[PDB]
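Protein chains in written order, with the deposited numbering: chain H, 25 to 208; chain I, 25 to 208; chain J, 25 to 208; chain G, 25 to 208; chain F, 25 to 208; chain E, 25 to 208; chain D, 25 to 208; chain C, 25 to 208; chain B, 25 to 208; chain A, 25 to 208.
Comments concern the structure below.
There are 10 protein chains.
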Amino acid sequence: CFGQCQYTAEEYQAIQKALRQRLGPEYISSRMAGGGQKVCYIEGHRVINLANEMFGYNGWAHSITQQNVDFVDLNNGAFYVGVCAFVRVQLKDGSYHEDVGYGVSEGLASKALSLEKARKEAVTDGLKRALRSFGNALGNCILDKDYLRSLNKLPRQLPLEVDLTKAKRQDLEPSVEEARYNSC
Amino acid sequence: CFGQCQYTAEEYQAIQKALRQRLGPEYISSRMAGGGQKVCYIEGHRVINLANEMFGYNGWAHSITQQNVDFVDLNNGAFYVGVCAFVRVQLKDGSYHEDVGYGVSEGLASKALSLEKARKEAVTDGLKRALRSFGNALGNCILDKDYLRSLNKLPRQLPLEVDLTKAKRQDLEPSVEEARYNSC
Amino acid sequence: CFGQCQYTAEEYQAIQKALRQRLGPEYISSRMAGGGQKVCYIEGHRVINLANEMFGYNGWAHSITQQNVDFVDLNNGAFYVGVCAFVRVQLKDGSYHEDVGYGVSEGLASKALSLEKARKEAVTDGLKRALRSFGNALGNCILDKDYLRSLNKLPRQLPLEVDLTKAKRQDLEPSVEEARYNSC
Amino acid sequence: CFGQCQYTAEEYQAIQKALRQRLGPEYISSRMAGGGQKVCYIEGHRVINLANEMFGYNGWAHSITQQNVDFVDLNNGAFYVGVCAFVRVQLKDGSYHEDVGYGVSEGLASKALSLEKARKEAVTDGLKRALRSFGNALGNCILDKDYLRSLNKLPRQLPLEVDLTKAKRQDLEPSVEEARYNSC
Amino acid sequence: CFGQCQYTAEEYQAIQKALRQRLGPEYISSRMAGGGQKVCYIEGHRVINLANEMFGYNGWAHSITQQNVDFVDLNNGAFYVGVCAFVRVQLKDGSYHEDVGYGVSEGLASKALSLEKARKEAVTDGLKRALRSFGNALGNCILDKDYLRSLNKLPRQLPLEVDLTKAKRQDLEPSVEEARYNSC
Amino acid sequence: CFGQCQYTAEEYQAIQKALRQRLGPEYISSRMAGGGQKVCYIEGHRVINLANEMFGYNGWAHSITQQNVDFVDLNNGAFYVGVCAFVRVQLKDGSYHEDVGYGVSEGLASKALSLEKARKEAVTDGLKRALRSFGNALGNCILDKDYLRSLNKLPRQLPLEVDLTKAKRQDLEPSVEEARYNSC
Amino acid sequence: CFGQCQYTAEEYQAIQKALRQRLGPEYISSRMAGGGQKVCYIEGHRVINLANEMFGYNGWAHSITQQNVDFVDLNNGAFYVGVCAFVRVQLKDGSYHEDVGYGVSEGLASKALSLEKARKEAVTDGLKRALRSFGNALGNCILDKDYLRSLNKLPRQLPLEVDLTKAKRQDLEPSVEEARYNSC
Amino acid sequence: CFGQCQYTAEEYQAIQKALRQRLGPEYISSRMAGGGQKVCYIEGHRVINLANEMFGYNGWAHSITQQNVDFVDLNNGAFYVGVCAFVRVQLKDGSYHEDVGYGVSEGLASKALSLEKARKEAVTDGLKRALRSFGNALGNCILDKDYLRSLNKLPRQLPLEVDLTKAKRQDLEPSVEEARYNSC
Amino acid sequence: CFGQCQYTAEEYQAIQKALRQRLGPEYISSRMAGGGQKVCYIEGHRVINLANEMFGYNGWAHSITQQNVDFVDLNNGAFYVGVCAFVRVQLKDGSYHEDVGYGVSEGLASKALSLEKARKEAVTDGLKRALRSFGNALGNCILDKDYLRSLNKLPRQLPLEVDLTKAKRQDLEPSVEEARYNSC
Amino acid sequence: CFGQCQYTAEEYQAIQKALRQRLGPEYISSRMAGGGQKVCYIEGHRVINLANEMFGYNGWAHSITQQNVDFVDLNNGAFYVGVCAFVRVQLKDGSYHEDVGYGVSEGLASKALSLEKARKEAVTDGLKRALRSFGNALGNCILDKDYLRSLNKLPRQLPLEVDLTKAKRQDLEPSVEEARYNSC
DNA sequence: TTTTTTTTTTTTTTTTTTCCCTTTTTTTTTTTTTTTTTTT
Ligand SMILES: [K+]
Ligand SMILES: [K+]
Ligand SMILES: [K+]
Ligand SMILES: [K+]
Ligand SMILES: [K+]
Ligand SMILES: [K+]
Ligand SMILES: [K+]
Ligand SMILES: [K+]
Ligand SMILES: [K+]
Ligand SMILES: [K+]
């Protein structure tokens, strides 16, 4: 089962070499730091899909070790909330990485909205920072300044077009139902 | 049993390929954000059915790791309640994903009603956010902006009609009873 | 034993297909929401019987993980009580679903009566919300607005008549005693 | 699995000899100490990649044993935050090293930003200090004064150029998917 | 695995004889005690390399049982910080030694800097004091007064020169990758 | 492994008879008690080497069960610190001895120095007092008044000279590396 | 190992018969009770050696279950400290005996000295009282008044002379090293 | 081992019949109760020897489950201390008996002396009361009033004379050493 | 061992039939209740011997689950102490019965004496009440009013005479020593 | 052992049929409720004997899960004490039933007596209420109003006469001793 | 509606010298609507 199954030679080598890869502009995005300059990041769903491909839908697993709200302050109608989380990612072989993530909500005037934003942002950031420690392909290269410089030296491509023809349109999945009924 | 049974090759590949799928307009819905614009989401029962199909009624499992009420305030007859929950989803192979969810009740004047709403909303939202991490088919694509743009470029279909002819009308299920009596 | 026995292929497929079923008007009921309109629900005993049929009298199990009284207030002779519970339902294979339920007693003037109502209501509602996550047949469809619209489009039949001819009239059950004495 | 698999003779000897290696100028960087002089360090991603190469993506693992915020002070608009973390690195054979790391944010005026910086910096510093105890190749030589003196006597090379031609550009990894589908 | 593998006769005898050795002037260093005189010590990285050679990179392991900040005082701008740690070193056979170490930062005016210094110094000192109990070769002789007297009677040699020709210059270690791919 | 391996007859008898031995003047030292007279003791490193020889570098193990600072007082610039520790020594066969040790720093004016001294002295004293309970050879005879009287009746020898010719001068131990590479 | 090995018939009978022995004047000593009269005792090292002979260096083991300082008072410069300890002695067969011991320091004016004396005295006294419960040979006869009366009726011998000719004079023990190297 | 070894038929019957025995005047003693009259008891060492004979040095075991000081009062210079203990005696077969014991020190003026007396008296009294529950031979008959009446009807013999000829006079026990060396 | 060994058919039937017995006047005693009348009881040692005979010295076992002092009051020099205990009796087959017992000391003026009486009386009374639940022979009939009425209608015999001829007069029991030495 | 042994078919059927029985007037007794009327009950020893017969002395077991004193009040010399207990009965097969019982002492003026009564009554009542859940034969019928009506319609017989001829008159039970000595 | 007597002696000399220089930059975008009457 999970945590017990050991990696085969082919799977190991494939995952290792694929994890030494770096990401292309189709993954990186850009924000405007406060007082700073253009910073580069990788969106959450991007890292989630990257993990689900590298390891499988059941090859990796994450958990919230602890989430703690640091502070909640109120300045003339604005709610400032700081929240941190500790996400631990674990592979089916037993290997594991754990790291912190933070969430920040300074502008809003609704306490519930600020907390909703902060906690989810903290958990997502922690998941990103914990998946980082597996290899460049999972976000370890986003902190390599030379990698960023070489990313600036690439054509700034337009957003990719998503084809919604073969999108999921009904509940039943006979392809899965068949294999699972035969799985007993 | 659950947590011990390992996925077979056929079941694994089927589930993986089905989880790389994206959802169609028949699942997405729309709300009006306060001050913002049209946002897209997936209703709870939709994700629940998606999971029950992808993995089975006994292929997935969720649990409330911890639920904590953040605050309960009262402003001139209005009860403002913030509540968060931590849902952990686990597959029969042992793989698991855990994420937060929030519930918000600002309008009502009854404390009990506001708390009921906040807690149930928090648990359901946490279940959604935890099932997201399995693949686009289970809600990971709802955060892909390009996917949303391509969703706007599709015919806005009218709500589907539900056929209540073959609906369940009595308690006993002999189809199940037979197999279960023979299961001993 | 319970939690250890694994589902057979026939039982699995039967339960899955039976859980894709939707319920008929013979189960749904109606209330008048405060300030809102006609809402639809499913009575407790209905869901209990549905579960006892889908899985068996010993195929499903529930437990109260935690029940916590949120508040107890007194306004000029009226007791307002809010209570929540956390019910975890588990199948004999180990699969499990856990969700919250709430109980509310605002009108009554007896504290004991209000608490008696609130706690039992919370546990029953939590059991319903936890059994929901197994499939449409167990109450997951009650939240589908299209399903409700199609429910309005059916003849609203009068309450069913209960036949009390073959009702239990004595203690001893020789049918069971025989099998159990031979079960050693 | 992890913590159980034992090192083979070839793997052991290779890792040992590779860990006796010292690092070149392509890894070391430089900062300006307050009141002091040019100090040398190793960037986080550098050590992360070094570990992922020496042991494998699943050959090493780290965890946060405990993180505690030491203090949070406010002096006329400036937030001074001290935070410490305890990282424990473990190899697939069961060997483990644990050490502290610190994070410091004195300048910023936003509490949330200061804490975000401090906690992540503490965890990363702890990971570096814990990976140090495996050999010179993982950062143990950065404290050898003679090694630093000999580093100053080398040509100060220009930042390395990163080749983004073969960078990862899509989600699916058929090389990995193949081996994993055959791994069942 | 670690904690389970037993020492062979050859490894045992080799380690024993190597641990009865005493160290040469190439390892000892000197400080100026406050109010006292020239004291002799062994730098941290030295002991780390000594252990990684005597036992192997995966033959020994250490852990922080507990670290507690004793005091934090402030005298007219000067921060005096005392911190202690408890390090437990363990060999792959199960043998273990645990001892305290202290860290001291009296001069600095920044609280964060003083704590950063104190905690890391405490952990390193504890690791040294815990490795002392294995033999003279690992630092047990630094307290032998006759050994120090004989050290003074040796030529005070100039710092050794470090050769950075064959130093590690890239991430990949094919020597290790080969054996690890063959380790399956 | 450690705690599991049982002593053989030869090892048992050898250790027993060697532990019935008493120590010579080459180990005993002398201090000046406050108000008292010449007291005799055995230095820490001496007992450490004695244990590492009697049992082996991996035949004995010690641990700090608990260390608690009794008091920290300040009298006109002088810091008086009392600290106690509880050390438990255990042999590879499972036998164990646990005893207290104390550390005292009355003179110093720096709190950090006094605490460092008290804690380290307490742990070392506890290790000595715990190793005492194995036999006269490990310090049990230092409390025999007749043994001390007979020690006074011996020639007061001059400090031994330490030969630093064959002292350890490099890191690598090919004698050990060979056996360890063959240990797989 | 310890706690598992069972006593053989020969070992059992030998230890049993040897424990019925009573001690001679070469072991008993004398003190002057305050206000009372001459009391007789057995020194600590005596009992320790007696145990190490009766059972072996690895046949008995003791541990400090709990030590609690009862009081610390100060009367015009004199420190009165009471301390108790609970020592549990256990044989390799699993048999165990636990008893209390007390330590008292009333005269001294240094708190650290009083505590140092009290705690060690308490633990040693507890070890004596716990070893008492094995037989007269280990100190159970010191409370037999008739035995004391018969002890007074013996020639008051002069202190025994300790022969320091064959005393241990160097670290290495080739006799033990031989058996231990052959123990693999 | 202890707690596992089961009693043989011969040993069982022998112990039972020996435990049905009653004690003679050579064991009973007499005190003067405060305000009462002559009371009869069995001295501690007597019961200890009785147990060590009935079961063996390794056939029985006792432990202090908990000791709690009830009160410590001071009336015009006199210290009144009450202390209770809970002793649990256990045989190698697993049988166990647990009972309370009390210690009392009212006269002394030193707190440390009173506590020293009270705690040891409590533990010893608890050991007596716990060994009582094994049979009349171990002190269960001391509470039979008819037994006391018959004890008064016996010749009050003078204290027995103890023969100190064959008393233990040296440390080494070759009879035991032989069997233990052959026990491997 | 104890708690594991199962009862044989013959032993079971014998114990059962012997436990249906009622007790004769040779066991019952009488007190004068305060304000009440002649009450009947069974002394402690009687029940202890009864249990040691019915089950064996190692066939039954008791333990103090909890003892708690309810109150300690002082009225003009008189100490009124109430104490309760929870005794659990267990047979070697695993069967167990647990019941409370109380101790009362109202008259005495010494706190220590009152507490000693209350606690020991509470534990003994609890042992009696816990052994009651095994059968009439062990004290269950003392509460049958008809049994008491029939007890009054019997000749009240004078206390039995105890024969101290064959009483135990020395420590050694060769009958037991033989079987125990042969038990290896 | 207890809790593990499974019931045979014959034993099961016999116990079941015997548990369907109702009790006769020889067991029921009567009280006079305060303000109410004649109430019917079953004395403690009655239920104890019923259980010891139905299942055996080692077929059932009871335990006090928790006992808590509800209140102790004092009104002009009268002590009003309420106490509750929770008794859990368990059969050798593992089946168990747990229920509450109450004890009440309102009249008495002695606190210790009131508490003794309340606690013992609570435990006994809880044992009765917990044994109720096994069948009518063990007290479940005392709550059947029709059963009470039919009980009033029977001849009120005079108390039965107890024959104390064959009562137990000595300690030793050779009938048991034989089987137990042969049980090894 | 249940539970009502048990107990009171040991216990008392031990230690005591160790431990002192580390450690030096990392990290900044998420996420968005659920829920419905129940009991004696
Ligand atoms: K509701
Ligand atoms: K009642
Ligand atoms: K009583
Ligand atoms: K006493
Ligand atoms: K003493
Ligand atoms: K000292
Ligand atoms: K230091
Ligand atoms: K830093
Ligand atoms: K951020
Ligand atoms: K929301």
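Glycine included, C-beta positions come from ideal geometry on N, C-alpha and C.
Task: By C-beta, the residues closer than 7 Å to any heavy atom of ligand 2, given in chain order - done: A:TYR126 and A:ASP149
- [ ] Thinking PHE158 (chain F) and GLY118 (chain G) are a contact (beta carbons under 8 Å), I'd like their distance in whole angstroms, please.
- [x] Actually they are not in contact, since the Cβ atoms of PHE158 (chain F) and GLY118 (chain G) sit about 19 Å apart, beyond 8 Å.
Task: Closer than 7 Å: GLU67 (chain E) CB and nearest ligand 6 heavy atom - done: No, ligand 6 has no heavy atom inside 7 Å of this Cβ.
Task: Near ligand 10: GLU34 (chain I) beta-carbon under 7 Å from a heavy atom - done: no
Open item on the list: I'd like to know if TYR81 (chain E) contacts chain G, where contact means its C-beta is closer than 8 Å to some C-beta of that chain.
Closed with: Look at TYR81 (chain E): its C-beta is not under 8 Å from any C-beta on chain G.
Open item on the list: Between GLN114 (chain A) and chain J, is the shortest Cβ-Cβ distance under 8 Å, so that the two count as touching?
Closed with: no
- [ ] Please list the partners that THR32 (chain I) has in chain G, where partner means a Cβ-to-Cβ separation under 8 Å.
- [x] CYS208
TODO: Look at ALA57 (chain J) and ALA102 (chain J) and say whether their C-beta atoms are less than 8 Å apart.
DONE: no
Open item on the list: Quick check on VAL200 (chain E): does DSSP put it in helix, strand or coil?
Closed with: helix
Task: Own chain residues within Cβ distance below 8 Å of residue 271 (chain G), not counting five before or after - done: The structure shown does not extend to residue 271 (chain G), since chain G is modelled only from 25 to 208, so the question has no answer here.
Open item on the list: At the 8 Å Cβ level, is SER87 (chain F) part of the contact set with chain G, yes or no?
Closed with: Chain G, which has a Cβ nearer than 8 Å to the Cβ of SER87 (chain F), makes this yes.
Open item on the list: Nearest by alpha-carbon distance to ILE52 (chain C): which of C:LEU162, C:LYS116, C:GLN194 and C:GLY59 is it?
Closed with: C:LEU162
Open item on the list: Contact criterion: CB-CB distance below 8 Å. Does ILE72 (chain I) meet it with respect to chain J?
Closed with: yes
Task: CB contact check: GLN37 (chain H) to chain F, cutoff 8 Å - done: yes
Task: Cβ pair residue 252 (chain J), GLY131 (chain J) closer than 8 Å - done: Summary: the structure shown does not reach residue 252 (chain J), with chain J confined to residues 25 through 208, and so no result is reported for it.
Task: With 16 other Cβ atoms within 10 Å as the buried cut-off, status of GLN114 (chain D) - done: With 16 or more other Cβ atoms within 10 Å, it is buried.
Task: Simplified DSSP assignment, three categories, for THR32 (chain J) - done: coil
Task: Buried/exposed call for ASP170 (chain H), threshold 16 Cβ in 10 Å - done: exposed
Open item on the list: To the nearest angstrom, how far is the alpha carbon of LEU172 (chain I) from that of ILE166 (chain I)?
Closed with: 7 Å
Open item on the list: When you compare the CB positions of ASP195 (chain D) and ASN73 (chain E), do they come within less than 8 Å of one another, or not?
Closed with: Taking 8 Å as the Cβ cut-off, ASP195 (chain D) and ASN73 (chain E) qualify as a contacting pair.
TODO: Measuring alpha carbon to alpha carbon, tell me which of G:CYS29, G:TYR31, G:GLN30 and G:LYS41 ends up nearest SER199 (chain F).
DONE: G:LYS41
Task: Collapsed DSSP secondary structure at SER129 (chain C) in the structure displayed - done: strand
TODO: May I ask you to report which of helix, strand or coil DSSP gives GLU122 (chain H)?
DONE: In the three-state DSSP reduction, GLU122 (chain H) falls in the strand class (E or B).
TODO: Would you mind stating whether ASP187 (chain C) and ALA154 (chain C) have Cβ atoms separated by less than 8 Å?
DONE: No, they are not a contact pair.
Open item on the list: At the 8 Å Cβ level, is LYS177 (chain A) part of the contact set with chain B, yes or no?
Closed with: no
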